[PDB]
Amino acid sequence: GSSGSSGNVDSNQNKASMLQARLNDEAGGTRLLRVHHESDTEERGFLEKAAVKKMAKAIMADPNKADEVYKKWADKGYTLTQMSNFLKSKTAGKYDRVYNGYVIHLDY
(Lines give C-alpha, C1' and ligand atoms only; values in the text may rest on other atoms or scores of the structure.)
Protein backbone atom coordinates (compact mmCIF):
# COMPACT_ATOMS: atom_id res chain seq x y z
CA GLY A 1 0.00 0.00 0.00
CA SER A 2 1.91 3.00 -1.32
CA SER A 3 0.83 6.40 -2.64
CA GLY A 4 2.37 9.33 -4.49
CA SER A 5 1.00 10.82 -7.70
CA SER A 6 2.29 14.40 -7.61
CA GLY A 7 5.32 14.96 -9.81
CA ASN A 8 7.38 17.57 -11.65
CA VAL A 9 8.68 18.64 -15.06
CA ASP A 10 10.97 21.17 -16.75
CA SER A 11 11.72 22.08 -20.36
CA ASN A 12 14.55 24.60 -20.09
CA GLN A 13 17.87 22.77 -19.82
CA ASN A 14 20.78 24.89 -21.05
CA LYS A 15 22.22 26.90 -23.94
CA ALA A 16 25.50 27.86 -25.63
CA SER A 17 26.76 30.93 -27.48
CA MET A 18 27.79 29.31 -30.77
CA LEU A 19 28.01 32.77 -32.33
CA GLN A 20 31.72 33.26 -31.66
CA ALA A 21 34.58 31.10 -32.95
CA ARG A 22 38.20 30.95 -31.81
CA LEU A 23 40.17 31.37 -35.04
CA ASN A 24 43.17 33.06 -33.41
CA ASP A 25 45.03 33.02 -30.10
CA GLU A 26 45.65 35.76 -27.53
CA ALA A 27 48.59 36.54 -25.24
CA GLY A 28 48.53 37.93 -21.71
CA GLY A 29 50.55 38.73 -18.61
CA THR A 30 50.61 39.36 -14.87
CA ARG A 31 51.85 42.67 -13.45
CA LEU A 32 50.75 43.30 -9.87
CA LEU A 33 52.92 45.62 -7.76
CA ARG A 34 51.52 45.63 -4.23
CA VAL A 35 53.13 44.26 -1.06
CA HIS A 36 53.35 45.41 2.56
CA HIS A 37 53.50 43.71 5.96
CA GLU A 38 55.46 45.98 8.29
CA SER A 39 57.09 49.36 7.67
CA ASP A 40 57.16 52.62 9.63
CA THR A 41 58.56 55.78 8.04
CA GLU A 42 58.49 58.97 10.12
CA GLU A 43 61.55 60.76 8.74
CA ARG A 44 59.51 63.97 8.59
CA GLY A 45 59.90 64.42 12.34
CA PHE A 46 62.52 61.83 13.23
CA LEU A 47 65.06 63.86 11.25
CA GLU A 48 63.78 67.31 12.21
CA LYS A 49 63.64 66.56 15.93
CA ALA A 50 67.36 65.84 15.58
CA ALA A 51 68.08 68.87 13.40
CA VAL A 52 65.97 71.38 15.32
CA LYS A 53 67.45 70.16 18.61
CA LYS A 54 70.98 69.92 17.23
CA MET A 55 71.02 73.66 16.51
CA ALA A 56 69.84 74.37 20.06
CA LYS A 57 72.69 72.34 21.56
CA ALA A 58 75.24 74.55 19.79
CA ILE A 59 73.43 77.55 21.27
CA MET A 60 73.67 76.27 24.84
CA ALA A 61 77.40 77.02 24.74
CA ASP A 62 77.26 79.60 21.96
CA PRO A 63 74.52 82.07 22.96
CA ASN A 64 75.77 84.48 20.30
CA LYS A 65 74.63 82.00 17.64
CA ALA A 66 71.03 81.89 18.85
CA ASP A 67 70.16 84.98 16.81
CA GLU A 68 71.70 83.46 13.68
CA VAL A 69 69.81 80.22 14.29
CA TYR A 70 66.40 81.78 14.94
CA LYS A 71 66.70 83.31 11.47
CA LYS A 72 67.51 79.93 9.93
CA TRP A 73 64.52 78.26 11.58
CA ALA A 74 61.88 80.85 10.70
CA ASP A 75 63.25 80.55 7.16
CA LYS A 76 62.67 76.80 7.05
CA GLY A 77 59.03 77.28 8.03
CA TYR A 78 58.78 76.05 11.61
CA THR A 79 56.38 77.12 14.36
CA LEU A 80 55.99 77.02 18.14
CA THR A 81 53.91 73.86 17.72
CA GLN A 82 56.58 71.84 15.92
CA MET A 83 59.58 73.73 17.29
CA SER A 84 58.61 73.09 20.91
CA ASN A 85 57.74 69.46 20.16
CA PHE A 86 61.31 69.23 18.88
CA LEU A 87 62.91 71.03 21.83
CA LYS A 88 60.68 69.05 24.20
CA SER A 89 62.88 66.00 24.76
CA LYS A 90 60.36 64.67 27.28
CA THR A 91 61.75 67.16 29.81
CA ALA A 92 60.18 69.77 32.08
CA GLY A 93 62.83 72.23 30.96
CA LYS A 94 65.66 71.11 28.68
CA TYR A 95 65.99 73.69 25.91
CA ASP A 96 64.13 76.69 27.34
CA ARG A 97 66.57 79.58 26.91
CA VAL A 98 66.61 78.47 23.27
CA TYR A 99 62.89 77.82 22.85
CA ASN A 100 61.84 81.09 24.50
CA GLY A 101 64.24 83.10 22.37
CA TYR A 102 62.70 81.77 19.17
CA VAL A 103 59.21 82.54 20.46
CA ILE A 104 60.02 86.25 20.73
CA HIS A 105 61.85 86.16 17.40
CA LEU A 106 58.45 85.55 15.79
CA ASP A 107 56.61 87.88 18.17
CA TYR A 108 57.69 90.63 15.78
# chains A, B, ... in the order shown; residues from 1 in each chain; ligands from 1
>>> residues_around(residues="range 86-89 of chain A", least_positions_apart="6", cutoff="9 Å", atoms="only C-alpha atoms", output="list in words")
residues 45, 48, 49, 50, 51, 52, 53, 56, 95, 96, 98 and 99 of chain A
>>> atom_distance(atom1="CA of residue 103 in chain A", atom2="CA of residue 80 in chain A")
6.8 Å
>>> closest_residue(among="A:102, A:13, A:43, A:57", to="residue 71 in chain A", atoms="only C-alpha atoms")
A:102
>>> closest_residue(among="A:22, A:54, A:105, A:65", to="residue 79 in chain A", atoms="only C-alpha atoms")
A:105
>>> atom_distance(atom1="CA of residue 84 in chain A", atom2="CA of residue 39 in chain A")
27.2 Å
>>> closest_residue(among="A:92, A:55, A:47, A:38", to="residue 69 in chain A", atoms="only C-alpha atoms")
A:55
>>> atom_distance(atom1="CA of residue 40 in chain A", atom2="CA of residue 91 in chain A")
25.3 Å
>>> select_by_dssp(residues="range 27-92 of chain A", states="helix (DSSP H, G or I)", output="VMD selection string")
chain A and resid 43 to 61 66 to 76 80 to 88
>>> residues_around(residues="residue 70 in chain A", least_positions_apart="3", cutoff="8 Å", atoms="only C-alpha atoms", output="list in words")
residues 66, 67, 73, 74, 101, 102 and 105 of chain A
>>> closest_residue(among="A:20, A:68, A:82, A:12", to="residue 44 in chain A", atoms="only C-alpha atoms")
A:82
